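The chain that follows stands alone, in the form deposited in one PDB entry, written as structure tokens.
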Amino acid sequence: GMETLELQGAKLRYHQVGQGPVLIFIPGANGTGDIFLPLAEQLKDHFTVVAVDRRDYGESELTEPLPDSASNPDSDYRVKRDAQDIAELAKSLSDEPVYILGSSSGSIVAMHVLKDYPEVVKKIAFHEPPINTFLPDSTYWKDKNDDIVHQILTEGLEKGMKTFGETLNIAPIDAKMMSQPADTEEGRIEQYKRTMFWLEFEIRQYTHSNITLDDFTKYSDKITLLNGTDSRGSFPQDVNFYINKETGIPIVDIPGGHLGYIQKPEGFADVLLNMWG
């Protein structure tokens, strides 16, 4: 049971309890306002307490995708959008400037609220801010954070890729090609992220989707099943053999493995041309 404020690109959800001046709590790394709710119990006699789920977290939901650039460590999109969210929330809840407390990265949102929308701040508390930009050694801390994040994300993706590799039962010609890594750290990372997306959002949904053999017999005349010559014994060939066994739909052998259309493009083309020429 949370309140909603619809904003450009997101539905912002927040908790609210109590009476008095508005006091907005901006969460840090956990992103959600439930973490303030025991504190809110202590304050509801003297403040109208508002604990926000920031738009990328919790019960808040995006209505437009994040820009592709938000993964750049130099992007200012999210922090500025979060600060605008707090300012429009303040404005919906009172006509007088409100109290604001942010913790950790949420204290950084708070600082951007004060910088860009000072008119909404009556008083503000920055609880243990980890901002480094104005520090004498800001370049060191920025580089250190960047190395830490890269290490965490890289080790997690590498473990996922290693475990994926442990399950793979694939043909040698495909394994050669599947092992070719991109030429930059960023491109390898993108390959890993793409694999993780396919695993979570595609393989189960598509391989158990609603197709029956009756869907194929209705138009059997249009269909050709293709098995690679270099991928024999693999599970997808067994699928084609079953379709063919039960429908009579023809199997055509074609050069290469599961990736035969890039392994042996000339031979693959020759078969397609025979099939459909």
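When you see a residue number, it is the position in the sequence shown, counting from 1.
Here the subject shifts to the form deposited in another entry, a form of this protein not shown in this document.
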Subject >> Two-part rigid motion between the shown form and the other one: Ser107 with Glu186 >> reply: no
Original post:
Any idea whether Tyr192 and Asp74 get closer or farther by CA distance in the other entry, knowing it moves 3 angstroms or more?
Top reply: closer
Original post:
Are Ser209 and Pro65 closer or farther apart at the Cα level in the other entry than shown, by 3 Å or more?
Top reply: farther
